[PDB]
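Novice: You'll find model18.cif just under this line, and it carries mmCIF, C-alpha atoms.
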data_work
#
loop_
_atom_site.group_PDB
_atom_site.id
_atom_site.type_symbol
_atom_site.label_atom_id
_atom_site.label_comp_id
_atom_site.auth_asym_id
_atom_site.auth_seq_id
_atom_site.Cartn_x
_atom_site.Cartn_y
_atom_site.Cartn_z
ATOM 1 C CA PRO A 865 -12.726 -37.483 13.924
ATOM 2 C CA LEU A 866 -10.345 -37.647 16.919
ATOM 3 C CA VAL A 867 -6.958 -35.979 16.907
ATOM 4 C CA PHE A 868 -4.774 -38.145 19.208
ATOM 5 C CA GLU A 869 -6.117 -41.634 18.854
ATOM 6 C CA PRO A 870 -3.747 -44.582 19.194
ATOM 7 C CA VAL A 871 -3.587 -46.379 15.857
ATOM 8 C CA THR A 872 -2.968 -49.926 17.115
ATOM 9 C CA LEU A 873 -3.274 -53.110 15.094
ATOM 10 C CA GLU A 874 -6.567 -53.945 16.725
ATOM 11 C CA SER A 875 -7.865 -50.433 15.919
ATOM 12 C CA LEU A 876 -6.744 -50.854 12.330
ATOM 13 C CA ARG A 877 -8.885 -53.999 12.082
ATOM 14 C CA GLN A 878 -12.058 -52.136 13.120
ATOM 15 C CA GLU A 879 -11.719 -49.392 10.507
ATOM 16 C CA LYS A 880 -14.531 -49.680 7.986
ATOM 17 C CA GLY A 881 -12.064 -49.787 5.088
ATOM 18 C CA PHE A 882 -10.715 -53.158 6.234
ATOM 19 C CA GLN A 883 -14.131 -54.746 6.734
ATOM 20 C CA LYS A 884 -14.293 -55.881 3.109
ATOM 21 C CA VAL A 885 -11.002 -57.796 3.227
ATOM 22 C CA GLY A 886 -11.734 -59.048 6.738
ATOM 23 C CA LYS A 887 -15.118 -60.384 5.637
ATOM 24 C CA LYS A 888 -13.574 -62.165 2.655
ATOM 25 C CA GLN A 889 -10.902 -63.812 4.812
ATOM 26 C CA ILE A 890 -13.447 -65.179 7.300
ATOM 27 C CA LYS A 891 -15.347 -66.993 4.534
ATOM 28 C CA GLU A 892 -12.285 -68.345 2.666
ATOM 29 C CA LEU A 893 -11.367 -70.047 5.922
ATOM 30 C CA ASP A 894 -14.906 -71.164 6.765
ATOM 31 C CA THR A 895 -15.212 -72.970 3.447
ATOM 32 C CA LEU A 896 -12.005 -74.850 4.192
ATOM 33 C CA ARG A 897 -13.380 -75.902 7.581
ATOM 34 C CA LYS A 898 -16.290 -77.304 5.562
ATOM 35 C CA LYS A 899 -13.797 -78.949 3.212
ATOM 36 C CA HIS A 900 -12.123 -80.474 6.256
ATOM 37 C CA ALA A 901 -15.480 -81.823 7.408
ATOM 38 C CA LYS A 902 -16.149 -83.537 4.078
ATOM 39 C CA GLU A 903 -12.631 -84.998 3.964
ATOM 40 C CA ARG A 904 -13.348 -86.604 7.350
ATOM 41 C CA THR A 905 -16.625 -88.301 6.441
ATOM 42 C CA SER A 906 -15.176 -89.433 3.122
ATOM 43 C CA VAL A 907 -12.277 -91.115 4.890
ATOM 44 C CA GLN A 908 -14.641 -92.307 7.590
ATOM 45 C CA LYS A 909 -16.923 -93.964 5.038
ATOM 46 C CA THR A 910 -13.944 -95.489 3.265
ATOM 47 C CA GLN A 911 -12.728 -96.895 6.583
ATOM 48 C CA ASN A 912 -16.042 -98.695 7.069
ATOM 49 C CA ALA A 913 -15.766 -100.667 3.802
ATOM 50 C CA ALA A 914 -12.834 -102.608 5.279
ATOM 51 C CA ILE A 915 -15.035 -104.235 7.942
ATOM 52 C CA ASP A 916 -17.459 -105.604 5.350
ATOM 53 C CA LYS A 917 -14.535 -106.958 3.359
ATOM 54 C CA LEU A 918 -12.715 -108.166 6.468
ATOM 55 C CA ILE A 919 -15.344 -108.992 9.121
ATOM 56 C CA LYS A 920 -17.830 -110.758 6.844
ATOM 57 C CA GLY A 921 -16.767 -114.188 8.138
ATOM 58 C CA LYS A 922 -17.506 -113.415 11.823
ATOM 59 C CA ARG A 928 -13.723 -115.288 17.071
ATOM 60 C CA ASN A 929 -11.673 -112.101 16.836
ATOM 61 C CA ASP A 930 -9.014 -112.645 14.164
ATOM 62 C CA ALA A 931 -5.586 -111.333 15.114
ATOM 63 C CA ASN A 932 -5.093 -109.411 11.828
ATOM 64 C CA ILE A 933 -8.242 -107.299 12.189
ATOM 65 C CA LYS A 934 -7.239 -105.940 15.612
ATOM 66 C CA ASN A 935 -3.936 -104.740 14.176
ATOM 67 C CA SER A 936 -5.803 -103.326 11.190
ATOM 68 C CA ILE A 937 -8.107 -101.249 13.397
ATOM 69 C CA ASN A 938 -5.011 -99.993 15.196
ATOM 70 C CA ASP A 939 -3.585 -99.082 11.791
ATOM 71 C CA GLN A 940 -6.784 -97.174 10.931
ATOM 72 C CA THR A 941 -6.773 -95.032 14.083
ATOM 73 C CA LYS A 942 -3.370 -93.537 13.295
ATOM 74 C CA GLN A 943 -4.807 -92.669 9.841
ATOM 75 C CA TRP A 944 -7.512 -90.601 11.516
ATOM 76 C CA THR A 945 -5.298 -88.838 14.038
ATOM 77 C CA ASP A 946 -2.858 -88.211 11.207
ATOM 78 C CA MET A 947 -5.572 -86.497 9.239
ATOM 79 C CA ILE A 948 -6.895 -84.798 12.390
ATOM 80 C CA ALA A 949 -3.445 -83.407 13.112
ATOM 81 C CA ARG A 950 -3.107 -82.574 9.434
ATOM 82 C CA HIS A 951 -6.322 -80.540 9.381
ATOM 83 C CA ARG A 952 -4.945 -78.633 12.355
ATOM 84 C CA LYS A 953 -1.775 -77.397 10.651
ATOM 85 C CA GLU A 954 -3.688 -76.743 7.417
ATOM 86 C CA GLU A 955 -5.899 -74.149 9.101
ATOM 87 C CA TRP A 956 -3.087 -72.466 11.013
ATOM 88 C CA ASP A 957 -0.962 -72.332 7.882
ATOM 89 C CA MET A 958 -3.800 -70.399 6.219
ATOM 90 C CA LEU A 959 -4.233 -68.151 9.275
ATOM 91 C CA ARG A 960 -0.589 -67.081 9.192
ATOM 92 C CA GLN A 961 -0.700 -66.637 5.427
ATOM 93 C CA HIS A 962 -3.922 -64.648 5.922
ATOM 94 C CA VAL A 963 -2.130 -62.059 8.027
ATOM 95 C CA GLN A 964 0.670 -61.531 5.514
ATOM 96 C CA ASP A 965 -1.666 -60.556 2.681
ATOM 97 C CA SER A 966 -3.819 -58.344 4.894
ATOM 98 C CA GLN A 967 -0.797 -56.767 6.595
ATOM 99 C CA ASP A 968 0.354 -55.247 3.322
ATOM 100 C CA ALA A 969 -3.082 -53.642 2.942
ATOM 101 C CA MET A 970 -3.248 -52.338 6.513
ATOM 102 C CA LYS A 971 0.129 -50.635 6.334
ATOM 103 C CA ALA A 972 -1.285 -48.657 3.421
ATOM 104 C CA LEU A 973 -4.374 -47.927 5.551
ATOM 105 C CA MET A 974 -2.527 -46.923 8.716
ATOM 106 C CA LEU A 975 -0.887 -44.143 6.704
ATOM 107 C CA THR A 976 -4.213 -42.722 5.583
ATOM 108 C CA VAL A 977 -5.597 -42.923 9.132
ATOM 109 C CA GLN A 978 -2.769 -40.868 10.604
ATOM 110 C CA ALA A 979 -2.702 -38.482 7.661
ATOM 111 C CA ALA A 980 -6.376 -37.986 8.457
ATOM 112 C CA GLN A 981 -5.387 -37.034 12.002
ATOM 113 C CA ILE A 982 -3.009 -34.333 10.777
ATOM 114 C CA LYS A 983 -5.564 -32.878 8.338
ATOM 115 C CA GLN A 984 -8.100 -32.812 11.159
ATOM 116 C CA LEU A 985 -5.584 -31.041 13.411
ATOM 117 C CA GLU A 986 -4.369 -28.526 10.843
ATOM 118 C CA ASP A 987 -7.894 -27.312 10.039
ATOM 119 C CA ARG A 988 -8.428 -27.134 13.783
ATOM 120 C CA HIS A 989 -5.232 -25.099 14.301
ATOM 121 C CA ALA A 990 -5.989 -22.590 11.551
ATOM 122 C CA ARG A 991 -9.483 -22.142 12.930
ATOM 123 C CA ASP A 992 -8.049 -21.432 16.406
ATOM 124 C CA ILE A 993 -5.942 -18.815 14.628
ATOM 125 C CA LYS A 994 -9.009 -17.350 12.952
ATOM 126 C CA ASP A 995 -10.792 -17.132 16.313
ATOM 127 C CA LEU A 996 -7.919 -15.226 17.921
ATOM 128 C CA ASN A 997 -7.964 -12.495 15.263
ATOM 129 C CA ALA A 998 -11.632 -12.000 15.993
ATOM 130 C CA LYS A 999 -10.632 -11.646 19.631
ATOM 131 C CA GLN A 1000 -7.833 -9.284 18.629
ATOM 132 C CA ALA A 1001 -9.851 -7.289 16.075
ATOM 133 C CA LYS A 1002 -12.797 -6.964 18.438
ATOM 134 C CA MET A 1003 -10.403 -6.178 21.298
ATOM 135 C CA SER A 1004 -8.747 -3.259 19.540
ATOM 136 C CA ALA A 1005 -11.992 -1.704 18.290
ATOM 137 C CA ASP A 1006 -13.927 -1.991 21.561
ATOM 138 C CA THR A 1007 -11.118 -0.209 23.424
ATOM 139 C CA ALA A 1008 -11.485 2.759 21.085
ATOM 140 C CA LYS A 1009 -15.234 2.851 21.884
ATOM 141 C CA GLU A 1010 -14.043 3.268 25.490
ATOM 142 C CA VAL A 1011 -12.256 6.512 24.520
ATOM 143 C CA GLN A 1012 -15.541 8.084 23.406
ATOM 144 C CA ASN A 1013 -17.288 6.559 26.432
ATOM 145 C CA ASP A 1014 -14.691 7.871 28.926
ATOM 146 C CA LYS A 1015 -15.750 11.272 30.285
ATOM 147 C CA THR A 1016 -12.205 12.224 31.337
ATOM 148 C CA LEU A 1017 -11.407 13.127 27.716
ATOM 149 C CA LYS A 1018 -10.923 16.858 27.274
ATOM 150 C CA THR A 1019 -10.076 17.774 23.667
ATOM 151 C CA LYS A 1020 -10.012 15.961 20.340
ATOM 152 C CA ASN A 1021 -6.233 16.363 20.297
ATOM 153 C CA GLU A 1022 -6.314 15.084 23.877
ATOM 154 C CA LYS A 1023 -8.578 12.166 22.931
ATOM 155 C CA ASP A 1024 -6.246 11.036 20.141
ATOM 156 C CA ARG A 1025 -3.091 11.050 22.280
ATOM 157 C CA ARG A 1026 -4.414 8.559 24.861
ATOM 158 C CA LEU A 1027 -5.741 6.277 22.143
ATOM 159 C CA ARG A 1028 -2.266 6.040 20.602
ATOM 160 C CA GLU A 1029 -0.775 5.084 23.979
ATOM 161 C CA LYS A 1030 -3.387 2.357 24.492
ATOM 162 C CA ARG A 1031 -2.681 1.410 20.873
ATOM 163 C CA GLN A 1032 0.880 0.552 21.895
ATOM 164 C CA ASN A 1033 -0.076 -1.358 25.027
ATOM 165 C CA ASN A 1034 -2.516 -3.335 22.913
ATOM 166 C CA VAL A 1035 0.080 -4.282 20.294
ATOM 167 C CA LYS A 1036 2.585 -5.461 22.916
ATOM 168 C CA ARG A 1037 0.019 -8.151 23.768
ATOM 169 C CA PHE A 1038 -0.799 -9.317 20.233
ATOM 170 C CA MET A 1039 2.846 -9.849 19.296
ATOM 171 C CA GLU A 1040 3.264 -12.156 22.280
ATOM 172 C CA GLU A 1041 -0.152 -13.745 21.780
ATOM 173 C CA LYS A 1042 0.627 -14.457 18.107
ATOM 174 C CA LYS A 1043 4.150 -15.705 18.941
ATOM 175 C CA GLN A 1044 3.015 -17.797 21.914
ATOM 176 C CA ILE A 1045 0.339 -19.472 19.796
ATOM 177 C CA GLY A 1046 2.815 -20.307 17.038
ATOM 178 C CA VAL A 1047 4.964 -22.263 19.464
ATOM 179 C CA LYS A 1048 2.032 -24.247 20.829
ATOM 180 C CA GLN A 1049 1.059 -25.423 17.350
ATOM 181 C CA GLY A 1050 4.553 -26.409 16.309
ATOM 182 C CA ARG A 1051 4.877 -28.295 19.581
ATOM 183 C CA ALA A 1052 1.417 -29.852 19.258
ATOM 184 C CA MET A 1053 2.128 -31.129 15.741
ATOM 185 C CA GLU A 1054 5.589 -32.398 16.672
ATOM 186 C CA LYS A 1055 4.421 -34.439 19.663
ATOM 187 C CA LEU A 1056 1.748 -35.875 17.341
ATOM 188 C CA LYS A 1057 3.762 -36.402 14.192
ATOM 189 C CA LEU A 1058 6.280 -38.503 16.111
ATOM 190 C CA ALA A 1059 3.642 -40.673 17.749
ATOM 191 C CA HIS A 1060 2.785 -41.652 14.184
ATOM 192 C CA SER A 1061 6.366 -42.717 13.545
ATOM 193 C CA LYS A 1062 6.294 -44.594 16.858
ATOM 194 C CA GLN A 1063 3.023 -46.412 16.123
ATOM 195 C CA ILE A 1064 4.485 -47.282 12.726
ATOM 196 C CA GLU A 1065 7.830 -48.621 13.958
ATOM 197 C CA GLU A 1066 5.735 -50.619 16.388
ATOM 198 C CA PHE A 1067 3.249 -51.905 13.808
ATOM 199 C CA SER A 1068 5.931 -53.568 11.674
ATOM 200 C CA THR A 1069 6.827 -55.644 14.719
ATOM 201 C CA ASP A 1070 3.298 -56.335 15.944
ATOM 202 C CA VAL A 1071 2.400 -57.960 12.648
ATOM 203 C CA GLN A 1072 5.503 -60.088 13.055
ATOM 204 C CA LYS A 1073 4.505 -61.060 16.599
ATOM 205 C CA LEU A 1074 1.186 -62.345 15.241
ATOM 206 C CA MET A 1075 2.594 -64.503 12.421
ATOM 207 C CA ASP A 1076 4.879 -66.285 14.846
ATOM 208 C CA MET A 1077 1.913 -67.227 17.008
ATOM 209 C CA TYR A 1078 0.527 -69.200 14.053
ATOM 210 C CA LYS A 1079 3.968 -70.665 13.223
ATOM 211 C CA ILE A 1080 4.343 -74.402 13.837
#
If you convert what's in this file into structure tokens, what do you get?

Specialist:
Amino acid sequence: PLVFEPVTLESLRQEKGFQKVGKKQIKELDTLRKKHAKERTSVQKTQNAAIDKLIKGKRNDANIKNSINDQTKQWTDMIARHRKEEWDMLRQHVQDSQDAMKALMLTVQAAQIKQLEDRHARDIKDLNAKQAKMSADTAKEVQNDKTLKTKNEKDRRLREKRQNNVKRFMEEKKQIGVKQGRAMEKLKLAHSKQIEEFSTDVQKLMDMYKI
């Protein structure tokens, strides 16, 4: 409900509306980490078979030592594979979500303007109460003031105060109008700064996962 809140990428992530997609993405990846884990035991178990086939005779044969060397680079090649497979998904994760967030950023800022506008118009409404009460209570003062002499006399002074009063409201109404136009402008640009920045923060993230 806050009128000048920075809409950063991290902030965009916390918005309730993105929780559903965020939750889905965390699983999709977790399952793969599980898939990685199975792929490792399966290869690990397969690796073992070779010893039964090869070391049944039992004197360290020259061929076996080379073979075990050959196996190790088959593990580290799958280890290093599983690395890039996760990161590749992480970078691809961002791209799909980024399209969604852009559409959500817009409705977060637009929310800020609608919150401000209804706040502006209410400040307007409050001033008229100040103005309307102000004008009427002054008249009450005319009756209250003893110095009045005649009804024709009472009216004349009221008209004069009625001009001094209106000099204020014209300025007060004009001065307020400027403050609102300025307040919206300084806001409405911050939006188009946070948005020109967002396009290039998403990019900065994808590169971090690039390999």

Novice: Check the smallest atom-to-atom distance from each of A:889, A:1009, A:984, A:909 to residue 868 of chain A using only C-alpha atoms, then report the winner.

Specialist: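 That would be A:984, the residue with the smallest distance to residue 868 of chain A.
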
Novice: Taking (1.1, -73.8, 9.7) as a centre in this file's frame and 12 Å as the limit, can you find every polymer residue with an atom that close, using all atoms listed in the file, and give them as number ranges by chain?

Specialist: A: 949-962, 1075-1080

Novice: Interatomic distance between atom CA of residue 940 of chain A and atom CA of residue 904 of chain A?

Specialist: 12.9 Å

Novice: For residue 870 of chain A, which of A:964, A:1061, A:908, A:1049 is the closest residue, counting all atoms listed in the file?

Specialist: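 Closest residue, counting all atoms listed in the file: A:1061.
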
Novice: If we count only C-alpha atoms, what is near residue 875 of chain A at a cut-off of 12 Å, once residues fewer than 2 positions away on the same chain are taken out, given as a list in words?

Specialist: residues 869, 870, 871, 872, 873, 877, 878, 879, 880, 881, 882, 883, 970, 973, 974, 977, 1063 and 1067 of chain A

Novice: Tell me which of A:985, A:963, A:1052, A:1017 sits closest to residue 1073 of chain A, counting only C-alpha atoms.

Specialist: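 So, comparing all the options, the nearest one is A:963.
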